[PDB]
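Student: First the structure, then my questions, so here it is.
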Amino acid sequence: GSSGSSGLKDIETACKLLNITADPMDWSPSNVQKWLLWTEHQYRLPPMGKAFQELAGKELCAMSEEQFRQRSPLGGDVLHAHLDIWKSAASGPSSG
């Protein structure tokens with residue numbers, strides 16, 4: 001039903017206090033900001049919300065590591081990284 005294959009089990013836990021969707025490509029309207037300030041505080045990253053303020057769930061996932069670094073040098077890789085886990089789980093458990 002709701003739960004699928006191991007891995008995202010930890011993702012949902014991050015969407016509970018954020019009230020967002022496990023799927024990063026669905027982050028809207030400005031859910032991205034939530035997924036940002038979340039890990040941003042767990043990795044001590046700078047304020048990206050302003051750089052991604054225009055970016056959305058789809059975009060973020062549609063972007064590339066380098067891209068995430070083009071807006072956030074101190075982080076970048078961090079975003080595209082902590083995100084992979086989401087997008088990966090959102091892209092179906094086996095096929096998607």
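Here's how to read the names in the structure tokens: chain A, B, ... by the order shown, residue numbers from 1 in each chain, ligand numbers from 1 in the order shown.
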Please provide as a list in words all residues within 10 Å of segment 12-17 of chain A, with the sequence filter that same-chain residues fewer than 5 positions apart are discarded (counting only C-alpha atoms).
Tutor: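 The neighbour list is residues 3, 7, 22, 23, 34, 35, 38, 39 and 86 of chain A.
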Student: Using DSSP on the backbone, list every residue of segment 5-91 of chain A that comes out as helix (DSSP H, G or I), and give them as a ChimeraX atom specification.
Tutor: /A:9-16,24-26,32-40,49-52,57-62,65-71,77-90
Student: Counting only C-alpha atoms, which residue out of A:82, A:27, A:77, A:96 sits closest to residue 11 of chain A?
Tutor: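 The closest residue to residue 11 of chain A is A:82.
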Student: Name all residues at most 9 Å from residue 30 of chain A (count only C-alpha atoms; drop same-chain ones fewer than 3 positions away) and give them as a PyMOL selection string.
Tutor: chain A and resi 27+33-34+53-57
Student: Any chance you could export the current selection's N, CA, C and O atoms as a PDB file, in the first residue's frame?
Tutor:
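So out.pdb came out as:
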```pdb
ATOM      1  N   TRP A  27       7.343  17.850  -4.819  1.00  0.00           N
ATOM      2  CA  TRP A  27       7.483  18.970  -3.894  1.00  0.00           C
ATOM      3  C   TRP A  27       6.861  20.236  -4.473  1.00  0.00           C
ATOM      4  O   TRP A  27       7.437  20.873  -5.355  1.00  0.00           O
ATOM      5  N   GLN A  33      11.471  24.120  -0.168  1.00  0.00           N
ATOM      6  CA  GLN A  33      12.003  24.887   0.953  1.00  0.00           C
ATOM      7  C   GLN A  33      12.051  24.038   2.219  1.00  0.00           C
ATOM      8  O   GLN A  33      12.985  24.143   3.014  1.00  0.00           O
ATOM      9  N   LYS A  34      11.039  23.197   2.400  1.00  0.00           N
ATOM     10  CA  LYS A  34      10.966  22.328   3.568  1.00  0.00           C
ATOM     11  C   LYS A  34      12.092  21.300   3.553  1.00  0.00           C
ATOM     12  O   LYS A  34      12.823  21.153   4.532  1.00  0.00           O
ATOM     13  N   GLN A  53      14.368  29.180  -4.234  1.00  0.00           N
ATOM     14  CA  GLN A  53      13.044  29.764  -4.053  1.00  0.00           C
ATOM     15  C   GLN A  53      12.191  29.575  -5.303  1.00  0.00           C
ATOM     16  O   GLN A  53      10.989  29.329  -5.212  1.00  0.00           O
ATOM     17  N   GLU A  54      12.820  29.693  -6.467  1.00  0.00           N
ATOM     18  CA  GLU A  54      12.116  29.537  -7.735  1.00  0.00           C
ATOM     19  C   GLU A  54      12.062  28.070  -8.150  1.00  0.00           C
ATOM     20  O   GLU A  54      11.158  27.650  -8.875  1.00  0.00           O
ATOM     21  N   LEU A  55      13.036  27.294  -7.687  1.00  0.00           N
ATOM     22  CA  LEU A  55      13.102  25.872  -8.010  1.00  0.00           C
ATOM     23  C   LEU A  55      11.969  25.107  -7.334  1.00  0.00           C
ATOM     24  O   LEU A  55      11.488  25.503  -6.273  1.00  0.00           O
ATOM     25  N   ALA A  56      11.550  24.010  -7.955  1.00  0.00           N
ATOM     26  CA  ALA A  56      10.478  23.186  -7.409  1.00  0.00           C
ATOM     27  C   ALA A  56      10.906  21.727  -7.302  1.00  0.00           C
ATOM     28  O   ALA A  56      12.050  21.382  -7.597  1.00  0.00           O
ATOM     29  N   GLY A  57       9.981  20.873  -6.876  1.00  0.00           N
ATOM     30  CA  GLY A  57      10.283  19.460  -6.736  1.00  0.00           C
ATOM     31  C   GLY A  57      10.843  18.859  -8.009  1.00  0.00           C
ATOM     32  O   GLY A  57      11.917  18.257  -8.002  1.00  0.00           O
TER      33      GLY A  57
END
```
Student: For residue 61 of chain A, which of A:75, A:46, A:29, A:24 is the closest residue, counting only C-alpha atoms?
Tutor: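 Smallest separation from residue 61 of chain A among the options: A:24.
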Student: Pick out the residues sitting within 9 Å of residue 79 of chain A, and hand them over as JSON, numbers by chain; count only C-alpha atoms, and ignore anything fewer than 4 positions along from it in its own chain.
Tutor: {"A": [36, 39, 40, 60, 65, 68, 69, 72, 75, 83, 84]}
Student: Choose the residue, out of A:20, A:32, A:45, A:25, that has the smallest atom-to-atom separation from residue 78 of chain A; count only C-alpha atoms.
Tutor: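 Closest to residue 78 of chain A, using only C-alpha atoms: A:45.
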Student: Counting only C-alpha atoms, which of A:85, A:63, A:74, A:51 gets nearest to residue 9 of chain A?
Tutor: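 The closest residue to residue 9 of chain A is A:85.
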Student: Which value, in Å to one decimal, gives the distance between atom CA of residue 19 of chain A and atom CA of residue 94 of chain A?
Tutor: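 Straight-line distance from atom CA of residue 19 of chain A to atom CA of residue 94 of chain A works out to 25.7 Å.
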Student: Tell me, in Å to one decimal, how far atom CA of residue 49 of chain A is from atom CA of residue 81 of chain A.
Tutor: 16.5 Å
Student: In terms of the shortest atom-to-atom distance over only C-alpha atoms, which of A:70, A:28, A:42, A:21 is closest to residue 87 of chain A?
Tutor: A:21
